[PDB]
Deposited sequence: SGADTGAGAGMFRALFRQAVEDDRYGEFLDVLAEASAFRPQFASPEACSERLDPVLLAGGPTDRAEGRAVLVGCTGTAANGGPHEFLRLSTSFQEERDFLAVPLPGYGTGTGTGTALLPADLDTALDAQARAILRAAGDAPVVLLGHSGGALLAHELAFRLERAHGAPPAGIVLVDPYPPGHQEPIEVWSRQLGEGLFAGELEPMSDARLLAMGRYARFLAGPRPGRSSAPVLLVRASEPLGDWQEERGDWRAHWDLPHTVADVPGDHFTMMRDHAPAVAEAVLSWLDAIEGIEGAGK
């Protein structure tokens, strides 16, 4: 396939994941982009992946999965987790613009507006709870705030699954290689060069200074097993968020928490939603 994928595979083998992510971000600058939400390529129509109880569909929060940055991801991302929401809550997955041709966002705000427009449309008057994993968790928070500040519509809550925000993603750097190896282990097919570019541009967006903090209550869900050797003399390897409303620990690592242990993620969510309501 593409040269970017082959270069990345080598960088990962050489333990230079971070360096190549910078190269992707620089190269993404030369892709055509959209400078206004209404100029976005794709239909950002959210897909219904689970349906809540018909007896009670009116006043209850609906869940919206915020697709993460992984170049190997897309519509498969919340398949496993969503199953556990069937007959409990509507679960809607919103695509991240610029993936599976597609113009890349000029800046993050522009992408977030396009998602906001599409989520408000599908959700209607139901309160929204945003959910994301890993970089998708950082995206879920930036979206929540944008919704509050730019659209005057704060979500009723945010579920952040293993967020590593700037100021404390040191374990994520030490686990760099395992992170890169995890991208390759997860491909159902070769990651396209265009999607690697989109990943690099978003990673760069997410490293930048974004001081807006959402007023929505946060559930912080954390992996219980380390992805790699750590050694706690350095401090905590675990995911972090400032002042969470509730924290739930679940089995598995940064990656396995979302597959084999997805039901435990779902159970903490459902239980947190009942309390909040």
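Engineer: Against the full deposited sequence, which stretches does the structure leave out?
Structural biologist: Sequence ranges with no C-alpha atoms are 1-8, 109-114, 292-298.
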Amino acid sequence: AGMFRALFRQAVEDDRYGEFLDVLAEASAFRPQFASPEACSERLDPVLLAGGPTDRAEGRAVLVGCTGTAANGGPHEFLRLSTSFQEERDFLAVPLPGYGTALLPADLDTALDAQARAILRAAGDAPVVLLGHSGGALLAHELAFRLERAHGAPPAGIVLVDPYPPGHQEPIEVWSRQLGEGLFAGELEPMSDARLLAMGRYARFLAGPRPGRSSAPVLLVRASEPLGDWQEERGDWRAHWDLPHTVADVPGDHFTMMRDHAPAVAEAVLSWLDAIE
From here on, numbers count along this sequence of modelled residues.
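Basically, rigid core = biggest C-alpha set you can superpose within 1.5 Å across the two forms.
Engineer: Could you tell me which of the two stretches, 35-43 or 230-238, has its Cα atoms lying farther from the shown structure in 6 other deposited structures of this protein after fitting on the rigid core?
Structural biologist: Higher root mean square deviation of C-alphas in 6 other deposited structures of this protein is shown by 230-238.
Engineer: Kindly name the stretch, out of 189-197 and 175-183, whose CA atoms are displaced more from this form in 6 other deposited structures of this protein after the core superposition?
Structural biologist: Comparing 189-197 with 175-183, the larger C-alpha deviation in 6 other deposited structures of this protein belongs to 189-197.
Engineer: For at least a third of the other PDB entries compared, is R56 missing from the model even though its neighbours are present?
Structural biologist: Missing in at least a third of the others, so yes.
Engineer: Quick one: higher average CA temperature factor, 217-225 or 39-47?
Structural biologist: Result: 39-47.
Engineer: Using the B-factors in the PDB entry, rank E13's C-alpha atom against the chain and give the third, lowest, middle or highest.
Structural biologist: According to the entry, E13 has a C-alpha B-factor in the chain's middle third.
Engineer: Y99's Cα B-factor: lowest, middle or highest third of the chain?
Structural biologist: Top third by C-alpha B-factor.
Engineer: When the deposited Cα B-factors of this chain's modelled residues are ordered and cut into thirds, is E267 in the lowest, the middle or the highest one?
Structural biologist: Answer is middle: the recorded C-alpha B-factor places it there.
Engineer: Consider only the C-alpha atoms of the modelled residues in this chain, order them by B-factor as the entry records it, and name the third containing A140: lowest, middle or highest.
Structural biologist: Answer is lowest: the recorded C-alpha B-factor places it there.
Engineer: Give the position of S28 by CA B-factor within its chain, expressed as the lowest, middle or highest third.
Structural biologist: Lowest third.
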